[PDB]
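Asker: Take this structure, written in structure tokens, and hold onto it; I'll ask about it next.
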2 protein chains.
Amino acid sequence: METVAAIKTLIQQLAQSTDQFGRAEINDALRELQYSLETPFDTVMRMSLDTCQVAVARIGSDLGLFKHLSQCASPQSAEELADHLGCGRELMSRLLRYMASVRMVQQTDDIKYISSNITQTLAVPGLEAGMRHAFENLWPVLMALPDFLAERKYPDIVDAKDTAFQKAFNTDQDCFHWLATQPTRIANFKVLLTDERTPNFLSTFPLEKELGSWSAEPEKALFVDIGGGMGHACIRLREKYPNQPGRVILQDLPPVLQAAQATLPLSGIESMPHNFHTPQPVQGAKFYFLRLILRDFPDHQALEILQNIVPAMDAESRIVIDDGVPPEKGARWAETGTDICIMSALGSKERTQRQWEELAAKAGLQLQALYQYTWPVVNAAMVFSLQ
Amino acid sequence: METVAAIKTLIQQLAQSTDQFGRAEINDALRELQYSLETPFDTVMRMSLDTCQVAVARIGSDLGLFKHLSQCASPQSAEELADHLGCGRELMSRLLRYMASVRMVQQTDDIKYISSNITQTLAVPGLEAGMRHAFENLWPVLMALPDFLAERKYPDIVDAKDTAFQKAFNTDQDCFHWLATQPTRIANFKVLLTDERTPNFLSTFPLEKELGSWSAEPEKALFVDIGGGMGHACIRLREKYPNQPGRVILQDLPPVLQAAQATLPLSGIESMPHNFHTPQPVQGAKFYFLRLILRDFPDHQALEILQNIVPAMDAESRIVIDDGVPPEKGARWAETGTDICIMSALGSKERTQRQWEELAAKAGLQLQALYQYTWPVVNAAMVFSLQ
Ligand SMILES: C[S@@+](CC[C@H](N)C(=O)[O-])C[C@H]1O[C@@H](n2cnc3c(N)ncnc32)[C@H](O)[C@@H]1O
Ligand SMILES: C[S@@+](CC[C@H](N)C(=O)[O-])C[C@H]1O[C@@H](n2cnc3c(N)ncnc32)[C@H](O)[C@@H]1O
């Protein structure tokens with residue numbers, strides 16, 4: 001119908017007319033409209049069949065389909081793709097037909113296949129690794145969660161060693177300890193670390209305002225990236241603020257620091273092995289930065305991580321928690337799904353602003369400023385000082 | 001956004017003005033817009049988190065939350081629902097926040113909870129049973145598919161006894177034989193059978209024109225519903241054509257005929273126990289009807305089912321296959337996802353019109369007429385005669 005074609009045109013034109021945050025708001029609206037207008041049968045069909053996407057993405061990734069199609073200059077037949085990738089012809093035709101129906105590839109008028117936006121995404125190593133993590137790590141924990149909760153008469157989960165994870169992978173270890181003994185998972189996790197989220201806190205963080213008159217003299221630390229992974233925050237800080245003095249220090253475990261060396265600048269960023277369960281060695285830094293760290297820990301462990309930093313602080317030192325700050329009400333699926341997943345796997349939780357302030361108060365900290373940098377799903381740099 | 005409220009108003013007004021087929025077209029367009037507009041990170045988040053929906057629906061079902069909320073007259077607090085249903089209060093608060101974010105319930109401005117469209121759907125026994133089936137039968141088979149295809153170097157799956165199912169449930173039994181040994185699963189399937197799809201073939205089936213001069217004496221059957229389940233097709237036939245002569249006969253296995261009795265009219269429809277893997281007892285029927293039967297069998301078994309019927313047929317007899325008829329190209333997610341699920345669990349497949357005609361020719365049948373009754377996902381009554 002011309003009506004459907006016109007709806008598509010108007011929504012694309014409105015999407016192009018706004019920014020990434022406007023487009024995120026439109027996408028959530030489109031989802032809310034689908035759910036509101038689907039029939040009861042459609043609801044069950046959707047819940048039944050949308051689980052297919054991750055499995056079929058896992059297969060495409062195993063075959064190298066997404067990478068191959070992303071490099072192809074012309075439409076490919078199912079036959080050409082099957083013979084090239086070493087797949088049964090009929091299986092490849094069925095997988096491609098399914099993939100086209102969910103835009104994981106596109107199907108042409110003459111029943112050939114080209115890259116979509118999603119083909120290209122699943123071709124990117126860091127994003128492919130996310131999809132692989134969802135299949136091998138998240139799926140099993142969600143599959144265990146209902147019977148786990150039933151067996152245990154619906155407990156409030158508060159312990160990383162007593163959640164669905166232990167049922168899912170038949171172990172008494174917490175997720176973090178268990179992953180160390182699984183080379184396949186560590187390799188994928190290693191690739192997942194290379195994905196850099198955009199935008200980042202530096203888009204809205206008023207660094208010069210937050211600095212005040214803080215002196216890098218004689219030899220003080222500007223920024224200590226605690227569990228900084230590949231040190232994207234350190235790299236982006238040095239890139240945005242090349243003239244601000246002070247040590248910029250990436251802190252992580254030796255294997256992650258080794259992985260980071262390749263892509264770290266040759267000067268200006270220190271690689272310091274540090275376990276964030278031990279006292280913070282760098283004294284009187286301006287910013288102690290924790291990005292997507294504390295959300296992976298229940299309150300007891302998150303508190304201990306903060307308590308390990310507080311004694312290193314000057315009056316001018318700030319702890320900067322860069323993490324999810326879902327609202328009190330009307331939280332979006334991306335903030336609320338993450339909460340169920342980290343409950344199931346890690347025994348942890350998403351925290352509202354009030355819950356972040358209650359946690360930080362136990363560590364003797366007070367919130368000075370909160371700088372949101374994503375919308376409508378809230379990620380913010382929360383700036384904490386000594387009480 | 002005023003923009004988002006405006007899009008919702010426009011789509012809702014266009015949705016209300018069209019019919020169910022028009023709303024299904026709009027819904028498919030909103031999905032495609034969503035995928036096309038998505039960022040690479042959104043794609044991975046969606047694939048990571050959308051499978052939460054089934055796990056959380058299953059937990060809500062276990063707690064009886066959806067039936068409870070559907071019968072509440074006023075908005076309920078998380079604490080009221082947790083206390084009433086026997087759930088940890090923090091667990092219940094988090095589940096409800098997640099459910100509200102995906103419209104499985106509605107959250108009020110007061111942070112209390114009411115029934116949405118989806119909470120009513122998940123309270124309907126037949127539809128709840130569809131969601132439990134997705135969780136306990138489909139999820140494990142989709143979980144097994146990628147590694148099963150990898151280990152076996154991407155075979156064309158062709159055998160019910162050799163597909164993802166056997167790896168998922170650690171068995172050499174086919175799905176149908178295995179399910180029959182599992183009481184809780186058998187019980188869920190019987191509730192699943194109580195769901196009647198709408199619309200149905202009688203909306204576009206020109207019965208009078210197909211009958212022509214056909215006569216019901218001596219004691220001939222107008223309609224034999226082979227695997228008719230609750231016998232909804234028999235009920236609708238007798239409701240729509242109450243004065244058309246000829247016996248109307250529900251065929252299924254004894255336990256399903258037993259379950260059908262309470263819903264069946266007192267006269268006009270015979271309950272005849274009959275295994276459709278055995279020779280058809282009713283001779284010279286006008287219509288031998290197979291609704292959503294053959295798609296659950298690979299060609300070899302589907303052919304055996306048809307070959308059990310053909311010897312009972314007159315020149316006036318028709319086999320009516322009422323089933324999915326996906327197009328040669330541009331097939332929708334609801335008819336390609338089904339294909340991947342039935343490949344994985346049953347070793348079967350969706351069939352294009354031409355694939356149905358090829359199968360039916362091997363049984364000595366030729367397509368007389370094809371009567372579509374759903375759009376844009378094709379279900380049709382295909383009328384076959386002896387060739
Ligand atoms: C979500 S990942 C990367 C987060 C990083 N801040 C970012 O935003 O790119 C969490 C990081 O914590 C690190 N990590 C885990 N346990 C740690 C520990 N005990 N001490 C220090 N780093 C740790 C991991 O190696 C990983 O790089
Ligand atoms: C998809 S379900 C119901 C389909 C039904 N025609 C309808 O549209 O409602 C398949 C039906 O086949 C029945 N069935 C399964 N195996 C059977 C067999 N060997 N003989 C007869 N009926 C069988 C089941 O009991 C069930 O009612």
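Residues are named by chain letter and number: chains run A, B, ... in the order of the structure tokens, numbers start at 1 in each chain, and ligands are numbered from 1 in the order shown.
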Which neighbours of residue 357 (chain B) fall inside 8 Å, counting only C-alpha atoms, when residues of the same chain fewer than 3 positions from it are skipped, and could you give them as a PDB file with C-alpha atoms, in the first residue's frame?
Answerer:
ATOM      1  CA  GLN B 353       2.642 -23.042  -3.222  1.00  0.00           C
ATOM      2  CA  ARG B 354       5.019 -24.771  -5.713  1.00  0.00           C
ATOM      3  CA  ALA B 360       0.862 -33.423  -3.357  1.00  0.00           C
ATOM      4  CA  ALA B 361       1.853 -34.696  -6.900  1.00  0.00           C
ATOM      5  CA  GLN B 366      -3.332 -31.907  -8.396  1.00  0.00           C
ATOM      6  CA  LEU B 367      -4.152 -28.383  -7.030  1.00  0.00           C
TER       7      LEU B 367
END
Asker: Give me, as a PyMOL selection string, the residues of region 174-346 of chain A that a backbone DSSP run labels alpha helix (DSSP H).
Answerer: chain A and resi 175-179+183-192+207-211+232-240+254-261+299-307+333-346
Asker: Within region 171-285 of chain A, find each residue whose DSSP state, derived from the backbone, is strand (DSSP E or B), and express the selection as a PDB file with N, CA, C and O atoms, in the first residue's frame.
Answerer:
ATOM      1  N   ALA A 221      48.238  13.408  39.282  1.00  0.00           N
ATOM      2  CA  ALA A 221      47.447  12.602  38.337  1.00  0.00           C
ATOM      3  C   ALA A 221      46.143  13.333  38.019  1.00  0.00           C
ATOM      4  O   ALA A 221      45.412  13.637  38.958  1.00  0.00           O
ATOM      5  N   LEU A 222      45.887  13.609  36.744  1.00  0.00           N
ATOM      6  CA  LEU A 222      44.610  14.212  36.288  1.00  0.00           C
ATOM      7  C   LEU A 222      43.506  13.145  36.376  1.00  0.00           C
ATOM      8  O   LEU A 222      42.414  13.411  36.939  1.00  0.00           O
ATOM      9  N   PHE A 223      43.779  11.969  35.834  1.00  0.00           N
ATOM     10  CA  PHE A 223      42.728  10.976  35.516  1.00  0.00           C
ATOM     11  C   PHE A 223      43.280   9.575  35.746  1.00  0.00           C
ATOM     12  O   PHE A 223      44.282   9.190  35.121  1.00  0.00           O
ATOM     13  N   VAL A 224      42.608   8.842  36.618  1.00  0.00           N
ATOM     14  CA  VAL A 224      42.920   7.422  36.929  1.00  0.00           C
ATOM     15  C   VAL A 224      41.715   6.595  36.484  1.00  0.00           C
ATOM     16  O   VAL A 224      40.670   6.686  37.148  1.00  0.00           O
ATOM     17  N   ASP A 225      41.865   5.871  35.377  1.00  0.00           N
ATOM     18  CA  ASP A 225      40.784   5.087  34.721  1.00  0.00           C
ATOM     19  C   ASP A 225      40.733   3.693  35.353  1.00  0.00           C
ATOM     20  O   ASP A 225      41.546   2.830  34.945  1.00  0.00           O
ATOM     21  N   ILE A 226      39.863   3.495  36.363  1.00  0.00           N
ATOM     22  CA  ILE A 226      39.913   2.288  37.230  1.00  0.00           C
ATOM     23  C   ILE A 226      39.084   1.180  36.569  1.00  0.00           C
ATOM     24  O   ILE A 226      37.875   1.365  36.387  1.00  0.00           O
ATOM     25  N   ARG A 247      49.054  13.415  35.086  1.00  0.00           N
ATOM     26  CA  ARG A 247      49.195  11.998  34.685  1.00  0.00           C
ATOM     27  C   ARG A 247      47.811  11.484  34.280  1.00  0.00           C
ATOM     28  O   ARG A 247      46.821  11.856  34.947  1.00  0.00           O
ATOM     29  N   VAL A 248      47.749  10.731  33.184  1.00  0.00           N
ATOM     30  CA  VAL A 248      46.554   9.951  32.758  1.00  0.00           C
ATOM     31  C   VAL A 248      46.931   8.469  32.831  1.00  0.00           C
ATOM     32  O   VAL A 248      47.934   8.058  32.201  1.00  0.00           O
ATOM     33  N   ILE A 249      46.254   7.731  33.697  1.00  0.00           N
ATOM     34  CA  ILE A 249      46.698   6.376  34.143  1.00  0.00           C
ATOM     35  C   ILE A 249      45.555   5.405  33.900  1.00  0.00           C
ATOM     36  O   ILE A 249      44.483   5.597  34.521  1.00  0.00           O
ATOM     37  N   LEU A 250      45.787   4.422  33.026  1.00  0.00           N
ATOM     38  CA  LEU A 250      44.875   3.282  32.790  1.00  0.00           C
ATOM     39  C   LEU A 250      45.215   2.202  33.795  1.00  0.00           C
ATOM     40  O   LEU A 250      46.400   1.742  33.800  1.00  0.00           O
ATOM     41  N   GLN A 251      44.251   1.828  34.624  1.00  0.00           N
ATOM     42  CA  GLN A 251      44.402   0.748  35.631  1.00  0.00           C
ATOM     43  C   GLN A 251      43.497  -0.428  35.259  1.00  0.00           C
ATOM     44  O   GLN A 251      42.274  -0.246  35.006  1.00  0.00           O
ATOM     45  N   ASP A 252      44.070  -1.619  35.202  1.00  0.00           N
ATOM     46  CA  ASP A 252      43.299  -2.848  34.912  1.00  0.00           C
ATOM     47  C   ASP A 252      44.176  -4.038  35.310  1.00  0.00           C
ATOM     48  O   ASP A 252      45.250  -3.806  35.926  1.00  0.00           O
ATOM     49  N   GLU A 270      49.747   6.154  31.033  1.00  0.00           N
ATOM     50  CA  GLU A 270      50.420   5.111  31.845  1.00  0.00           C
ATOM     51  C   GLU A 270      49.512   3.879  31.915  1.00  0.00           C
ATOM     52  O   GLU A 270      48.273   4.036  31.951  1.00  0.00           O
ATOM     53  N   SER A 271      50.122   2.707  31.851  1.00  0.00           N
ATOM     54  CA  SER A 271      49.479   1.393  32.035  1.00  0.00           C
ATOM     55  C   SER A 271      49.927   0.852  33.385  1.00  0.00           C
ATOM     56  O   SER A 271      51.104   0.508  33.514  1.00  0.00           O
ATOM     57  N   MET A 272      49.045   0.893  34.378  1.00  0.00           N
ATOM     58  CA  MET A 272      49.362   0.524  35.778  1.00  0.00           C
ATOM     59  C   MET A 272      48.537  -0.703  36.163  1.00  0.00           C
ATOM     60  O   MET A 272      47.312  -0.631  36.273  1.00  0.00           O
ATOM     61  N   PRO A 273      49.164  -1.872  36.395  1.00  0.00           N
ATOM     62  CA  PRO A 273      48.426  -3.036  36.867  1.00  0.00           C
ATOM     63  C   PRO A 273      47.837  -2.681  38.228  1.00  0.00           C
ATOM     64  O   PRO A 273      48.566  -2.181  39.051  1.00  0.00           O
TER      65      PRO A 273
END
Asker: Give as a list in words the residues surrounding ligand 1 up to a distance of 7 Å, considering only C-alpha atoms and all ligand atoms.
Answerer: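 Based on only C-alpha atoms and all ligand atoms, ligand 1 is surrounded within 7 Å by residues 193, 196, 225, 226, 227, 228, 229, 230, 231, 232, 233, 251, 252, 253, 256, 274, 275, 276, 277, 290, 291, 292 and 293 of chain A.
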Asker: Could you give me, as a list in words, the residues within 12 Å of residue 176 (chain B), counting only C-alpha atoms and dropping anything in the same chain fewer than 4 positions from it?
Answerer: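 The contact residues come out as residues 137, 160, 161, 165, 166, 172, 180, 181, 182, 185, 186, 189, 296, 297, 342, 345, 346 and 347 of chain B.
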Asker: Considering only C-alpha atoms, return as number ranges by chain whatever protein or nucleic-acid residues lie within 12 Å of residue 351 (chain B), sequence-local ones (same chain, fewer than 4 positions apart) excluded.
Answerer: A: 94; B: 292, 294-299, 302, 321-328, 331, 335-336, 338-339, 342-343, 355-360, 378-380
Asker: Pull C-alpha atoms from the residues just selected and write them as a tab-separated table (two decimals), in the first residue's frame.
Answerer:
chain	number	residue	atom	x	y	z
A	94	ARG	CA	16.33	-20.84	4.51
B	292	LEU	CA	-1.56	-26.94	10.35
B	294	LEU	CA	1.62	-31.27	7.28
B	295	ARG	CA	3.99	-28.34	8.06
B	296	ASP	CA	5.03	-30.30	11.25
B	297	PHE	CA	6.39	-33.19	9.08
B	298	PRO	CA	9.27	-33.54	6.63
B	299	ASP	CA	8.24	-34.48	3.02
B	302	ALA	CA	3.87	-35.59	5.12
B	321	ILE	CA	-4.56	-28.45	3.12
B	322	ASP	CA	-5.08	-25.37	5.35
B	323	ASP	CA	-1.57	-24.19	6.16
B	324	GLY	CA	1.17	-21.59	5.59
B	325	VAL	CA	1.88	-20.66	1.91
B	326	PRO	CA	4.83	-18.28	2.15
B	327	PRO	CA	5.70	-16.39	-1.05
B	328	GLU	CA	8.69	-17.21	-3.36
B	331	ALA	CA	8.49	-13.66	3.06
B	335	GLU	CA	6.48	-17.30	8.21
B	336	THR	CA	10.37	-17.56	8.13
B	338	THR	CA	8.29	-20.63	11.95
B	339	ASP	CA	10.44	-22.34	9.21
B	342	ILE	CA	10.10	-26.34	12.81
B	343	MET	CA	13.46	-27.22	11.06
B	355	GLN	CA	6.56	-26.91	-2.91
B	356	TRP	CA	3.00	-27.95	-1.76
B	357	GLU	CA	2.11	-28.87	-5.39
B	358	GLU	CA	5.35	-30.95	-5.72
B	359	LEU	CA	4.56	-32.86	-2.44
B	360	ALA	CA	0.86	-33.42	-3.36
B	378	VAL	CA	-0.25	-16.33	3.87
B	379	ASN	CA	-2.56	-18.99	5.26
B	380	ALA	CA	-4.72	-20.64	2.51
Asker: Using Å and a single decimal, report how far CA of residue 318 (chain A) sits from CA of residue 288 (chain A).
Answerer: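 Those two atoms sit 6.2 Å apart.
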Asker: Within 8 Å of region 36-42 of chain B, counting only C-alpha atoms, which residues qualify if same-chain residues fewer than 3 places away don't, as a VMD selection string?
Answerer: (chain A and resid 12 15 23 to 24 27 103 117 to 118 121 127 197) or (chain B and resid 32 to 33 45 to 46)
Asker: Put those residues in a file: N, CA and C atoms, as a CSV table (one decimal), in the first residue's frame.
Answerer:
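Below is the file that was written, part.csv:
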chain,number,residue,atom,x,y,z
A,12,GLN,N,11.4,8.1,8.2
A,12,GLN,CA,12.8,8.3,7.8
A,12,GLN,C,13.1,9.8,7.7
A,15,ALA,N,13.4,11.1,11.2
A,15,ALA,CA,14.6,10.5,11.8
A,15,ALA,C,15.9,11.3,11.3
A,23,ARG,N,16.4,10.1,17.3
A,23,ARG,CA,16.2,8.9,16.6
A,23,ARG,C,16.0,7.7,17.6
A,24,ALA,N,16.6,7.8,18.8
A,24,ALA,CA,16.5,6.8,19.8
A,24,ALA,C,15.0,6.9,20.4
A,27,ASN,N,12.6,5.4,17.8
A,27,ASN,CA,12.7,3.9,17.8
A,27,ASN,C,11.9,3.3,19.0
A,103,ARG,N,15.9,-8.1,8.4
A,103,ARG,CA,16.8,-7.1,7.9
A,103,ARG,C,18.2,-7.4,8.3
A,117,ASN,N,22.4,-2.5,7.0
A,117,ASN,CA,23.1,-1.9,8.2
A,117,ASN,C,23.4,-3.0,9.2
A,118,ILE,N,22.5,-4.0,9.4
A,118,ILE,CA,22.7,-5.0,10.4
A,118,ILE,C,23.8,-6.0,10.0
A,121,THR,N,27.0,-4.3,10.9
A,121,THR,CA,27.2,-4.3,12.3
A,121,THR,C,27.7,-5.7,12.8
A,127,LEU,N,31.2,-5.7,18.0
A,127,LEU,CA,29.7,-5.8,18.0
A,127,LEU,C,29.3,-7.3,17.8
A,197,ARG,N,31.8,2.4,23.1
A,197,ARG,CA,30.4,3.1,23.1
A,197,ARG,C,30.6,4.5,22.6
B,32,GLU,N,10.3,-2.9,10.4
B,32,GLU,CA,11.4,-2.7,9.4
B,32,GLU,C,12.0,-1.3,9.7
B,33,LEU,N,11.2,-0.3,10.0
B,33,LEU,CA,11.7,1.1,10.3
B,33,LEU,C,12.6,1.0,11.5
B,45,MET,N,22.1,-4.5,21.5
B,45,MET,CA,21.3,-4.4,22.8
B,45,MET,C,20.0,-5.1,22.6
B,46,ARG,N,19.3,-4.9,21.4
B,46,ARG,CA,18.0,-5.5,21.1
B,46,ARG,C,18.2,-7.1,21.1
Asker: Write out as a compact mmCIF listing (two decimals) with C-alpha atoms, in the first residue's frame the residues lying within 8 Å of residue 145 (chain A), counting only C-alpha atoms and excluding same-chain residues fewer than 5 positions away.
Answerer:
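around29.txt written:
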# COMPACT_ATOMS: atom_id res chain seq x y z
CA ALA A 164 20.61 -18.05 38.21
CA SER A 344 20.51 -13.17 36.87
CA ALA B 55 11.90 -15.52 30.59
Asker: Of the residues B:19, B:62, B:162, B:210, which is the one nearest to chain A, using only C-alpha atoms?
Answerer: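 When distances to chain A are compared using only C-alpha atoms, the smallest one comes from B:62.
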Asker: Do you know which residues are at most 9 Å from residue 373 (chain A) counting only C-alpha atoms, after dropping those on the same chain fewer than 5 positions away, and could you put them as a list in words?
Answerer: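 The contact residues come out as residues 199, 200, 201, 202, 203, 204, 205, 378, 379, 380 and 381 of chain A.
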Asker: Could those selected residues go to a file with C-alpha atoms, as a PDB file, in the first residue's frame?
Answerer:
ATOM      1  CA  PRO A 199      28.806   9.034  22.533  1.00  0.00           C
ATOM      2  CA  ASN A 200      30.963   9.248  25.756  1.00  0.00           C
ATOM      3  CA  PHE A 201      30.940  11.483  28.921  1.00  0.00           C
ATOM      4  CA  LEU A 202      33.439  13.971  27.353  1.00  0.00           C
ATOM      5  CA  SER A 203      30.599  15.190  25.035  1.00  0.00           C
ATOM      6  CA  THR A 204      28.953  16.945  28.096  1.00  0.00           C
ATOM      7  CA  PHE A 205      31.536  16.713  30.954  1.00  0.00           C
ATOM      8  CA  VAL A 378      20.462   7.637  31.000  1.00  0.00           C
ATOM      9  CA  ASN A 379      24.260   7.275  31.153  1.00  0.00           C
ATOM     10  CA  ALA A 380      25.831  10.055  33.288  1.00  0.00           C
ATOM     11  CA  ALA A 381      29.187  11.042  34.790  1.00  0.00           C
TER      12      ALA A 381
END
Asker: Calculated over only C-alpha atoms and all ligand atoms, which of the candidates B:238, B:220, B:177, B:362 has the smallest distance to ligand 2?
Answerer: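 Smallest distance to ligand 2 is found for B:177.
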Asker: One decimal, in Å: what's the spacing between atom 21 (C, counted along the ligand's line) of ligand 2 and CA of residue 269 (chain B)?
Answerer: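 Between atom 21 (C, counted along the ligand's line) of ligand 2 and CA of residue 269 (chain B) the gap is 16.6 Å.
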Asker: As an exercise, work out the distance from CA of residue 75 (chain A) to CA of residue 107 (chain A) in Å and give it to one decimal place.
Answerer: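 Going from CA of residue 75 (chain A) over to CA of residue 107 (chain A), I get 8.5 Å.
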